[PDB]
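Q: Contents of coords02.txt (compact mmCIF, C-alpha atoms) are below:
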# COMPACT_ATOMS: atom_id res chain seq x y z
CA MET A 1 19.16 -6.27 -17.97
CA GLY A 2 18.29 -6.91 -21.60
CA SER A 3 18.59 -9.18 -24.63
CA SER A 4 20.32 -8.87 -28.00
CA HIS A 5 21.53 -11.17 -30.78
CA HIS A 6 25.14 -12.19 -30.20
CA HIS A 7 27.44 -14.99 -31.36
CA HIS A 8 30.93 -15.78 -30.05
CA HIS A 9 33.14 -18.86 -29.74
CA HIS A 10 33.79 -20.27 -26.28
CA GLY A 11 36.62 -18.45 -24.54
CA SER A 12 37.74 -14.92 -23.72
CA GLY A 13 35.70 -12.21 -25.42
CA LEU A 14 37.01 -9.44 -27.66
CA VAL A 15 36.32 -6.38 -25.53
CA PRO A 16 33.52 -6.88 -22.95
CA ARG A 17 33.92 -3.43 -21.41
CA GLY A 18 33.91 -0.80 -24.14
CA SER A 19 30.20 -1.23 -24.78
CA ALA A 20 27.59 0.10 -22.35
CA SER A 21 23.84 -0.10 -21.78
CA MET A 22 21.30 0.96 -19.15
CA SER A 23 17.99 -0.73 -18.35
CA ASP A 24 17.16 0.98 -15.03
CA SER A 25 14.61 3.69 -15.82
CA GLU A 26 12.50 3.38 -12.66
CA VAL A 27 11.29 6.72 -11.28
CA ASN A 28 9.77 7.42 -7.87
CA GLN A 29 9.16 10.27 -5.42
CA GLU A 30 8.92 10.61 -1.64
CA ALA A 31 6.04 12.29 0.19
CA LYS A 32 3.64 12.14 -2.75
CA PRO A 33 0.36 14.15 -2.60
CA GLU A 34 -2.93 12.51 -1.61
CA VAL A 35 -6.55 13.31 -2.49
CA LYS A 36 -9.43 12.78 -0.06
CA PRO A 37 -13.00 13.52 -1.34
CA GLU A 38 -15.52 15.16 1.00
CA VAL A 39 -18.54 13.23 2.26
CA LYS A 40 -21.80 14.08 4.03
CA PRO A 41 -22.22 13.59 7.83
CA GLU A 42 -22.58 9.99 9.05
CA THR A 43 -22.19 8.91 5.42
CA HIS A 44 -19.48 6.41 6.34
CA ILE A 45 -20.46 3.95 9.05
CA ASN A 46 -18.82 0.66 9.98
CA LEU A 47 -20.58 -2.11 11.93
CA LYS A 48 -18.90 -5.01 13.72
CA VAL A 49 -19.34 -7.47 16.60
CA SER A 50 -16.67 -8.64 19.04
CA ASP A 51 -16.08 -10.03 22.53
CA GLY A 52 -18.88 -12.54 21.97
CA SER A 53 -21.45 -9.89 22.87
CA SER A 54 -21.40 -6.48 21.19
CA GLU A 55 -18.90 -4.08 19.63
CA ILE A 56 -19.13 -0.35 18.92
CA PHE A 57 -17.54 1.54 16.03
CA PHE A 58 -16.14 5.07 16.18
CA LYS A 59 -14.29 7.52 13.92
CA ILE A 60 -10.50 7.77 13.84
CA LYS A 61 -8.08 10.65 13.42
CA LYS A 62 -7.21 11.23 9.77
CA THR A 63 -7.09 8.26 7.39
CA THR A 64 -4.63 5.38 7.72
CA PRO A 65 -3.90 3.61 4.36
CA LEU A 66 -3.01 -0.07 4.03
CA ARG A 67 0.47 1.02 2.94
CA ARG A 68 1.10 2.20 6.49
CA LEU A 69 0.35 -1.29 7.82
CA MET A 70 2.50 -2.79 5.07
CA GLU A 71 5.43 -0.58 6.07
CA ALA A 72 5.44 -2.01 9.60
CA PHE A 73 5.74 -5.54 8.24
CA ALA A 74 8.18 -4.47 5.52
CA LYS A 75 10.81 -3.23 7.99
CA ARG A 76 10.50 -6.54 9.84
CA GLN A 77 12.01 -8.37 6.87
CA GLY A 78 14.41 -5.49 6.17
CA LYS A 79 12.53 -4.48 3.02
CA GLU A 80 12.43 -0.86 1.88
CA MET A 81 8.97 0.73 1.96
CA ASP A 82 9.94 3.30 -0.68
CA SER A 83 11.14 0.49 -2.95
CA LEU A 84 7.64 -1.02 -2.84
CA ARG A 85 4.70 0.86 -4.36
CA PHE A 86 1.13 -0.10 -5.24
CA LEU A 87 -0.05 0.99 -8.69
CA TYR A 88 -3.15 -0.01 -10.66
CA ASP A 89 -3.18 0.15 -14.46
CA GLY A 90 -0.58 2.91 -14.28
CA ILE A 91 -2.81 4.92 -11.95
CA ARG A 92 -1.43 6.73 -8.90
CA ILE A 93 -2.80 5.66 -5.52
CA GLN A 94 -5.96 7.47 -4.42
CA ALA A 95 -8.45 7.58 -1.56
CA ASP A 96 -10.47 4.84 -3.27
CA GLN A 97 -7.32 2.70 -3.61
CA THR A 98 -8.99 0.34 -1.13
CA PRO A 99 -10.69 -2.86 -2.42
CA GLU A 100 -13.86 -2.22 -4.42
CA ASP A 101 -15.63 -5.17 -2.78
CA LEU A 102 -15.24 -3.63 0.69
CA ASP A 103 -16.42 -0.29 -0.74
CA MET A 104 -14.62 1.35 2.20
CA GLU A 105 -17.45 0.12 4.44
CA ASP A 106 -17.57 -2.14 7.49
CA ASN A 107 -13.82 -2.84 7.52
CA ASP A 108 -13.13 -6.48 8.37
CA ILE A 109 -11.29 -5.67 11.59
CA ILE A 110 -12.20 -6.32 15.23
CA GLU A 111 -10.70 -5.34 18.58
CA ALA A 112 -11.35 -6.50 22.14
CA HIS A 113 -10.90 -3.99 24.95
CA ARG A 114 -12.95 -2.67 27.88
CA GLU A 115 -10.73 0.11 29.21
CA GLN A 116 -13.64 2.55 29.23
CA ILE A 117 -16.45 1.65 31.64
CA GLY A 118 -19.78 3.46 31.75
CA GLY A 119 -23.44 3.53 30.80
Mind turning the file's structure into structure tokens?
A:
Amino acid sequence: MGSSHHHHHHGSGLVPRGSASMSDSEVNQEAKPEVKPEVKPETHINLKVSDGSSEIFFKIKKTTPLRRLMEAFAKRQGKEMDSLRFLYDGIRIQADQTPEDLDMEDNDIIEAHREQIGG
């Protein structure tokens, strides 16, 4: 909670109730706004290989942040998603919140499925 100089002999204190202090100043909001910059056609392309042969990449509906994935695992342990937030140098999460190294390109994720047959 905090720290302050204090000296007292062992035993019952004088009046450990009259005084008061607060250290919880955390502030958060639900359903925060998000910013997604516009890009040119086919600007973002991901390439991957799976099934021991070949894998094709396609676009997805809207954008799914890593926080979404984190939330699924968070509820597993009974942790509150809202209680956990990702901030960088006091900067609110943005579209580029993803790792700089990955540069939002060729996401390291693979899937194996052949539901659709054709060609």
Q: Using Å and a single decimal, report how far atom CA of residue 104 of chain A sits from atom CA of residue 81 of chain A.
A: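 Atom-to-atom, atom CA of residue 81 of chain A to atom CA of residue 104 of chain A, that is 23.6 Å.
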Q: Which residue is closest to residue 35 of chain A? Choose from A:111, A:80, A:51, A:96 and count all atoms listed in the file.
A: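 The answer is A:96, which sits nearest to residue 35 of chain A.
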Q: Interatomic distance between atom CA of residue 49 of chain A and atom CA of residue 102 of chain A?
A: 16.9 Å
Q: Quote the spacing between atom CA of residue 44 of chain A and atom CA of residue 109 of chain A in Å to one decimal place.
A: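 Interatomic distance, atom CA of residue 44 of chain A to atom CA of residue 109 of chain A: 15.5 Å.
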Q: For the interface of segment 32-77 of chain A with segment 82-89 of chain A (cut-off 10 Å, counting only C-alpha atoms), please tabulate each contacting residue of segment 32-77 of chain A alongside its nearest pair of atoms and their separation in Å to one decimal, rows sorted by chain and increasing number, as a tab-separated table.
A:
residue	atom	partner	partner_atom	distance
A:67	CA	A:86	CA	8.3
A:70	CA	A:84	CA	9.6
A:71	CA	A:82	CA	9.0
A:74	CA	A:84	CA	9.1
Q: Restricting the calculation to only C-alpha atoms, which member of A:43, A:25, A:33, A:13 is positioned closest to residue 1 of chain A?
A: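 Looking only at the distances to residue 1 of chain A, the closest residue turns out to be A:25.
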Q: Quick one: everything within 10 Å of residue 95 of chain A, counting only C-alpha atoms, minus sequence neighbours fewer than 2 positions away in the same chain. Send it as a compact mmCIF listing (two decimals) with C-alpha atoms, in the frame of the given file.
A:
# COMPACT_ATOMS: atom_id res chain seq x y z
CA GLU A 34 -2.93 12.51 -1.61
CA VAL A 35 -6.55 13.31 -2.49
CA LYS A 36 -9.43 12.78 -0.06
CA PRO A 37 -13.00 13.52 -1.34
CA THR A 63 -7.09 8.26 7.39
CA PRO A 65 -3.90 3.61 4.36
CA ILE A 93 -2.80 5.66 -5.52
CA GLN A 97 -7.32 2.70 -3.61
CA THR A 98 -8.99 0.34 -1.13
CA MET A 104 -14.62 1.35 2.20
Q: Have a look at A:116, A:50, A:23, A:64 and name the one nearest to residue 3 of chain A; count only C-alpha atoms.
A: A:23
Q: Given 8 Å on each side, where is the centre and what are the edge lengths in Å to one decimal of the axis-aligned box enclosing the listed atoms of segment 61-66 of chain A, as AutoDock Vina command-line options?
A:
--center_x -5.5 --center_y 5.6 --center_z 8.7 --size_x 21.1 --size_y 27.3 --size_z 25.4
Q: Residue 59 of chain A: which residues within 10 Å, counting all atoms listed in the file, same-chain residues fewer than 2 positions away excluded, as a list in words?
A: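 So the residues in contact are residues 42, 44, 45, 46, 57, 61, 62 and 63 of chain A.
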Q: If you keep C-alpha atoms, can you produce a file of those selected residues as a tab-separated table (two decimals), in the coordinates of the input?
A:
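Okay, this is what ended up in again.tsv:
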chain	number	residue	atom	x	y	z
A	42	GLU	CA	-22.58	9.99	9.05
A	44	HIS	CA	-19.48	6.41	6.34
A	45	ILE	CA	-20.46	3.95	9.05
A	46	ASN	CA	-18.82	0.66	9.98
A	57	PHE	CA	-17.54	1.54	16.03
A	61	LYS	CA	-8.08	10.65	13.42
A	62	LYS	CA	-7.21	11.23	9.77
A	63	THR	CA	-7.09	8.26	7.39
